[PDB]
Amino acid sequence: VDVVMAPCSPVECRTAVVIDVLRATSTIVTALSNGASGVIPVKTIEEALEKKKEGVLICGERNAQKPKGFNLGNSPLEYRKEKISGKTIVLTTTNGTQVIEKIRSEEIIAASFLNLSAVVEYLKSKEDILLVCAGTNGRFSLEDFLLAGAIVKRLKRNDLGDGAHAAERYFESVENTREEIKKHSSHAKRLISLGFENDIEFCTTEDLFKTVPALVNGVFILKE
């Protein structure tokens, strides 16, 4: 129904969709689609390190790179079945849990281009929807806004909030998602500079998965 970019105060809705396309929600979707038991978003590197135990992998990034002592970084390509099947993923990224903590909703799901059609189908029967973009370092995230616009366009609703309308209009101006993000996203440029251009291509590849991660008691999981 509406889109918010990096909210500052608690946002209320019935159905919330978390978007951190350049990797975070793409990592969440990829990990769960490849067998991970669950993905637990955590705020700091320190607390992430305190959660080490058998069957658990400490993952994430800061400055887009894997922190010292961690198992995996925040590149979705690292989350292969042979590496994370049956494991619980403790994930801490730059946006920590900033977005999640401000969401006051009955349901919270994770979206990326990777599972876009599944997300759209799930949302068609939902009311009071808020697409919550995490943003980049508290700034506007082009890739998050683009995914939000793609979703809005396909929900075909008529009660669009300012954010949803702006996102849809922006989406309509895009000729090619991949090219658009590589050329105009600041975070995408940072990722490319660090050798992660492959991540941008993977993260913008639509529908490689048909899953819809749900946040249940602080853990993103797959459920019926």
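Start at 1 with the first residue shown and count on from there.
> Out of 3 to 11 and 215 to 223, which one has CA B-factors that are higher on average in the deposited record?
Replying inline: It is 3 to 11.
> Comparing 124 to 132 with 92 to 100, which stretch shows the greater average C-alpha B-factor in the deposited entry?
Replying inline: Of 92 to 100 and 124 to 132, the stretch with the higher C-alpha B-factor average is 92 to 100.
>> Looking at the C-alpha B-factor values in the deposited entry, which of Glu50, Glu172, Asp162, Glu180 comes out highest?
In response: Of the candidates given, the C-alpha B-factor peaks at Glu50.
> Reading the B-factor column of the entry, which of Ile192, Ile45, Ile58, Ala166 has the highest value at its C-alpha atom?
Replying inline: So the option with the highest C-alpha B-factor is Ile45.
> Where does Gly38 sit by CA temperature factor within its chain: lowest, middle or highest third?
Replying inline: It belongs to the lowest third of the chain when residues are ordered by C-alpha B-factor.
>> Could you place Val29 in the lowest, middle or highest third of its chain by Cα temperature factor, using the values in the record?
In response: For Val29, the deposited C-alpha B-factor lands in the lowest third.
>> When the deposited Cα B-factors of this chain's modelled residues are ordered and cut into thirds, is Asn198 in the lowest, the middle or the highest one?
In response: CA B-factor rank for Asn198: middle third.
> Sorting the chain's CA B-factors, does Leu77 end up in the lowest, middle or highest third?
Replying inline: Middle third by C-alpha B-factor.
>> Where does the C-alpha B-factor of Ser117 rank in its chain, lowest, middle or highest third?
In response: Its C-alpha B-factor, which the entry lists for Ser117, ranks in the middle third among residues of this chain.
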